[PDB]
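Read the single chain below, which is given as structure tokens and is the form deposited in one PDB entry.
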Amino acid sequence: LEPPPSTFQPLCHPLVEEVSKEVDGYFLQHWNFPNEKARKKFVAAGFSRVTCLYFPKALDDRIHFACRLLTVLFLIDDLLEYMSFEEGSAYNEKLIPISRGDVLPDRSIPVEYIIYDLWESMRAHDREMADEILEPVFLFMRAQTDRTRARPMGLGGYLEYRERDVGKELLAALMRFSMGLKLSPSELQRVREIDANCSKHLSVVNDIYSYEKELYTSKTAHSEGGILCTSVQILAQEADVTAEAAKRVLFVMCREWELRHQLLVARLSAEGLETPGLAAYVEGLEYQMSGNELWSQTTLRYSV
């Protein structure tokens, strides 16, 4: 479908090609793929490409960390579709003390030592900023198997939940880590509304492009893990239109959230509340929204 006009200019990290080869190559060696078709599909998705589109102004020696984290969480996200909520929760909860470093990984299990080595290397580079990503990640991981996915949801309730399932906080903390962007608790508190608005944009844009994939998943995967949980289906139900019609309407709403983002940012400066770090932060949020769109509309993950 044709995207409505956007004033957001998507940016990609300069080292995207080098880092993609580095991180793809890593997972191709360590991760247990079912077959050659899955290995090809993994590379075709371009998980480091979306990361570089998400954080184009990340520091050169930190971008690979973000690519590794997003890549493994992508792989797990698909893995959970074949599990019940109970099995999926146990799977995630196992990785949490390992992510903290409190528990050694079983080195015969790829997901365990990949997660462990990753978080160790991140704390080794920047202990303080790496630690601030932990809880936001665990927040996301626990939302993935929340029983609310099996409950009827309206648009408002969905977006409220999706802020965790889309991993808004983890993306924010990881962006700051990758850019070395440090913010006071006061600064963080100032941009709450901007965060909330950005979350809806990320969520719905993903919903729009990943619908066909998730519809197939709902028909073939686990009854619980593969459950269809998206704004596309919700708006289609609520407004009595096709999923395609819902996509077109939702895309216009996304552009309204872009307009709101700009107004909130301009208001932040007008109220004299904008700091140099905050200016870089809200600009970074814009890159996430536009980077998420560019990748979603081009990745084979959603088109095939």
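Throughout, rigid core stands for the largest set of C-alpha atoms superposing within 1.5 Å between the two forms. Quick note: we count residues from 1 along the sequence shown, nothing fancier.
There is another form of the same protein, the form deposited in another entry; it is not shown, and what comes next is about it.
**Student:** With the two forms aligned on the rigid core, which of the residues 28, 44, 249, 38 moves its CA by 2 Å or more between the shown form and the other one?
**Tutor:** The answer here is 249.
**Student:** Residue 236: CA shift of at least 2 Å between the shown form and the other one after core fit?
**Tutor:** Shift of 2 Å or more: yes.
**Student:** Relative to the superposed rigid core, does residue 118 relocate between the shown form and the other one - that is, does its Cα move 2 Å or more?
**Tutor:** After core superposition, the C-alpha of residue 118 moves less than 2 Å between the shown form and the other one.
**Student:** Taking the rigid core as reference, does the Cα of residue 265 move 2 Å or more between the shown form and the other one?
**Tutor:** The answer is yes, as the C-alpha of residue 265 shifts between the shown form and the other one by 2 Å or more after core alignment.
**Student:** Using the form shown as baseline, tell whether residue 81 and residue 213 are closer or farther in Cα-Cα distance in the other form, where the change reaches 3 Å or more.
**Tutor:** Relative to the shown form, the pair is farther apart.
**Student:** What happens to the Cα distance from residue 213 to residue 74 in the other form: does it get closer or farther than here, with a change of 3 angstroms or more?
**Tutor:** The answer is farther, because the C-alphas of residue 213 and residue 74 separate from each other in the other form by 3 Å or more.
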